Amino acid sequence: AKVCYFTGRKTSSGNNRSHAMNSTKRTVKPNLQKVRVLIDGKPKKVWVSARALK
Amino acid sequence: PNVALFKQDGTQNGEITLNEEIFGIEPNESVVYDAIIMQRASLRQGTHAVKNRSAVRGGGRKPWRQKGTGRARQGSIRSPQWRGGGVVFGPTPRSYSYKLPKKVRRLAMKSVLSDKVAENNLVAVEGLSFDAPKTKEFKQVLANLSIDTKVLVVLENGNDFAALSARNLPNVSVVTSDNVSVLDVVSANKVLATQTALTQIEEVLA
Amino acid sequence: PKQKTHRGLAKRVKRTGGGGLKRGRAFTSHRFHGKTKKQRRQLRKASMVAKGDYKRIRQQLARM
Amino acid sequence: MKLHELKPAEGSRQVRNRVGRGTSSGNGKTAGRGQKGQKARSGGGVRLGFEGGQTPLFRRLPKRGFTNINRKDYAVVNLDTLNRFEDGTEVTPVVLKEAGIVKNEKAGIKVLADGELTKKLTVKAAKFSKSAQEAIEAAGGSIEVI
RNA sequence: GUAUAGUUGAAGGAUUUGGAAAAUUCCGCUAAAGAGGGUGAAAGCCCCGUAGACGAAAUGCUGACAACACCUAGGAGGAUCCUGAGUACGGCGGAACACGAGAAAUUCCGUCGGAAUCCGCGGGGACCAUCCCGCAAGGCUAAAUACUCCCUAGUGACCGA
RNA sequence: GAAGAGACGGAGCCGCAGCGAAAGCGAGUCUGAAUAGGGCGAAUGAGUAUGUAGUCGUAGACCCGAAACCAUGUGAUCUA
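Protein chains in written order, with our numbering: chain S, 1 to 54; chain U, 55 to 260; chain P, 261 to 324; chain B, 325 to 470.
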C-alpha cells in the first residue's frame, strides 16, 4: 500500500495533540485498495485510492 | 584676493580676483583636523582574521579522565592556554570608514584654500601645454617660476601633454579640477594652477 | 540588532509630556465588598511614578 | 595647519580603561567587580526588570485601554509661524511650504490659536479651531476648509 | 575583438673607507620609464623589468549582419454554442501564514459529504446587503540576487617559526 | 568615481503641543449636574548629525572546569 496508480496520494506524518497540547508524531496514511484494473488492455492488479473509485 | 600671472617664464601679467566666499574665509582648525583624520582613516582594508576554539582544526574529546590522574582538569586539546590553541578576542575584518555632515566638508575645503592663499603659495599660470610629453621641459618650467619644495599641479580636463610630463620626483603630483581632495592639498607647500582650473573650482565649490 | 521593547509595559503605561508615566492603580477587579467606599473612590484615579522604580525600567521602554 | 604638527580640539578625545592590568592602576584582581556572586561570573546578571521571585511592577497593576483602528490626526501649526507672510498669499497646505514649516503633513494641516497675529493673510487648511477663525478674521482674512 | 607562447624598450665616471660599494665627495646624463626584485653593504643611469609601441600558424570564446528558421492582421452583428469536475466548498483531524481555535477569512494535507455555467463565479480578515476589484481547478519564461574546489593578475596601519 | 573625499539622491527619521481608553477638543483637556475642586499640561525654558569616553541589551561576551542529554556511525579476533 505505497502509492496511487492514478492520483498522488501517499503516506506522510503530522502531530497529535491531547487536551493539553502535548505533541507526538503520527503517520496519516491514505485509504488504499487493491483493485484489478486494465493497464493498456492487459489486466493488472494495483493499489487504487477509494476516492478515485467514484 | 589677487595673485599675479606668469606665462611659462613670461612674468607678471595682470592679476585675478577670487571669491571671498572661497578664498577669504578665516579658516577653522579643528574642522580641518577631523577632516584629515577621517580622510586618512578611510584608506584601510580591514582584511585580517584569527581562528578561535571552534575553527582550530583539532579534537572535541577530553584528553583525560576527570579524576584518578591527580591532575588539573582539561577538556580539549586546543583552547587558549595550550600551545597551538585558539585565540580569545582576535582581530576580525571590520569597516573603519565613516562620514561627516555636508557643511563641514565644504567648510574644510574653503578653509584650506583660503589658508594657502593667505601665505602666497598659489602661483597662477595663464596656460600650460606641450607638443609632446617631455619631462625635461616641465622641469625647466618649474625652474622658471622658482619653486623647489613639494608642489601641486591642477589642470582643467584632459591636458594629456601637461599630465604625462609630471612623473617626476614626487615633489610633483597631478590633480584635475575634480579630484581635489583635502589630503592632496594639505600635504603640499605650493600649488600651481591655470586660470580656468581656478574658475572650474569656483563652479564646483561655489 | 535593536532593543526589543517590552510589551508587558506597553499595555499598562502611558508617557506624559514632562517625562514621567501614568499608572492605573491596583485592587480594582475583585471583592469590592471587603473594601470600603473611600477605598473604591480614591482607587479610581491613576497616578504617577515612584522615582526608585523608574531606574530599572527606563531602558526597557526605550521608545514606547 | 600641516601634517607634522597636528593638534586636536581640546577636551575632546579621551583615552580608555584597560581593566585587569595591574594592582596599582586601580582595577586589577577582579576588574572592578569585587568578590563572588552571580554579577561577577562570566556573563552574569539577571534580565532587565527582575525582583527575585517577587511579582514585579508590571504584574501588580492592570492592563488598560485600546487603540483606534481609524485614528486620523493632523499636523498642527499654531499661529506665530503665519506671522512672516507679509500681505496676502493664499497660505495653503500645498507647494507653499518649502522652508521646513511642514514636512510630513500627517492628515492635513490643522491651525490652532496661539497666540498673536498682525497680518492680513488668507488661509487654506483642512481643519480649524474655534478661536482660530475669530483670530484670523479679526484681522480681516478669508479662511476655507479645503 | 579577446584568451592561451613572445618582441623591443632611454641614461655615470673618477676619489676616500673597504675583503667586497650601490656608501661618501666633485663633475655629468635620462625620464609617456623615480612601481618592484636581484647583484660581494643602502643603486633613476649593473642586470631582470616598469612607461610606450609591436606580435599568433593552431584551438576556443565574445559581438556585429548576411543567409536559413519561425511567430504575428481590421470592422460590424449577438439567435445558438465553448471557456480546465469528483475540481471549488462544507463537516471531522492536523500542519502554513507574525496569528498557540480564538470572534478567525486567506493556503495545503488525510477522510467523508458535494456546486453553478456569463441572468454566471471568486475576493475586500466571522456573517449578510450594497458598491468596487478580478476569471481558479493546463503549461513555459532572460536580468536585477547567493556561493568558490579551482585559474590568472593583484592588494593589506594581516603573522614572522 | 582609484577597493579612496565627493558630488548627485528629500522616500524616511527626530524636535517644534498637549490632553483623553476613545469618538474628539486644542494653550487647553479629562472625571463631573457644574464655569466648583482635583490630575496632567501651559506660561522664555532648543534641538539635531558626527566623533570620543563611561554603562547596559542581543550575540560564546572576561577565560578555564564538570556528572549528564540528543543524532548518524564502529565493534562478538577479549567474553556470554
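C-beta: ideal position from N, C-alpha, C; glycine also.
{"Query": "When DSSP builds the beta bridges, which residues end up paired with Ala463/B?", "Result": "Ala463/B pairs with nothing; no bridge assigned."}
{"Query": "Using alpha carbons as the reference points, say which of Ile433/B, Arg383/B and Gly361/B lies closest to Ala270/P.", "Result": "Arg383/B"}
{"Query": "Once the 5 residues before and after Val171/U are set aside, which same chain residues still bring their CB inside 8 Å of it?", "Result": "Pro55, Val57, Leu72, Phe77 and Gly78"}
{"Query": "Does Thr288/P come within less than 8 Å of chain B when only Cβ atoms are used?", "Result": "yes"}
{"Query": "At which residues does the alpha helix (DSSP H) containing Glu257/U begin and terminate?", "Result": "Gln249 to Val258"}
{"Query": "Can you name the residues that DSSP bridges to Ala58/U?", "Result": "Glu69/U"}
{"Query": "Less than 7 Å between C-beta atoms, sequence neighbours within five positions excluded: which residues of the same chain meet that for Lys105/U?", "Result": "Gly140"}
{"Query": "Pull the bridge partners of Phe452/B from the DSSP assignment, please.", "Result": "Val435/B"}
{"Query": "Alpha carbon to alpha carbon, how far is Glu191/U from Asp169/U?", "Result": "30 Å"}
{"Query": "Considering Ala178/U, what are the terminal residues of the beta strand (DSSP E) in which it resides?", "Result": "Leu176 to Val179"}
{"Query": "Look at the alpha carbon of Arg17/S and the alpha carbon of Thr27/S, and state the distance between them as a whole number of angstroms.", "Result": "14 Å"}
{"Query": "If I'm right that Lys451/B touches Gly432/B with Cβ under 8 Å, what's the distance once you round it to whole angstroms?", "Result": "7 Å"}
{"Query": "Should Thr265/P be labelled buried (16 or more other beta-carbon atoms within 10 Å of its own) or exposed?", "Result": "exposed"}
{"Query": "To the nearest angstrom, how far is the alpha carbon of residue 476/B from that of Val339/B?", "Result": "Summary: the structure shown does not reach residue 476/B, with chain B confined to residues 325 through 470, and so no result is reported for it."}
{"Query": "Rounded C-beta distance between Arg316/P and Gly361/B? I'm assuming under 8 Å.", "Result": "Not quite, the Cβ-Cβ distance comes to about 18 Å (not below 8 Å), so this is no contact."}
{"Query": "Give me whichever residues DSSP pairs with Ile470/B in a beta bridge.", "Result": "According to DSSP, which records beta bridges pairwise, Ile470/B is partnered with nothing at all."}
{"Query": "Looking at the unbroken alpha helix (DSSP H) that takes in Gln194/U, where does it start and where does it end?", "Result": "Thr189 to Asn198"}
{"Query": "Distance check for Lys25/S and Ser12/S, CA to CA, integer angstroms please.", "Result": "11 Å"}
{"Query": "How far does the beta strand (DSSP E) with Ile91/U in it reach, from first residue to last?", "Result": "Run containing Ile91/U: none in the beta strand (DSSP E); it sits in the alpha helix (DSSP H), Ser84 to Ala95."}
{"Query": "Return helix, strand or coil for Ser307/P, following the three-state DSSP convention.", "Result": "strand"}
{"Query": "Measuring alpha carbon to alpha carbon, tell me which of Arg301/P, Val273/P and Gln263/P ends up nearest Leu381/B.", "Result": "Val273/P"}
{"Query": "Looking at the C-beta of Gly280/P, does it have a partner C-beta in chain B at a distance below 8 Å?", "Result": "no"}
{"Query": "Could you tell me the distance, in whole angstroms, from the CA atom of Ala251/U to the CA atom of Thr405/B?", "Result": "45 Å"}
{"Query": "Does any residue of chain B bring its CB to less than 8 Å from the CB of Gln319/P?", "Result": "yes"}
{"Query": "Would you call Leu182/U buried or exposed, if buried means 16 or more other Cβ atoms sit within 10 Å of its Cβ?", "Result": "buried"}
{"Query": "May I have the straight-line CA-CA distance separating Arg395/B from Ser453/B, to the nearest angstrom?", "Result": "19 Å"}
{"Query": "Mind listing which residues of the region 363–392 of chain B have their C-beta closer than 7 Å to chain P's C-betas, in chain order?", "Result": "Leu372, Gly373, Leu381, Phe382, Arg384, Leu385, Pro386, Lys387 and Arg388"}
{"Query": "Report the rounded CA-to-CA distance for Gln135/U versus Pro147/U, giving the unit in angstroms.", "Result": "24 Å"}
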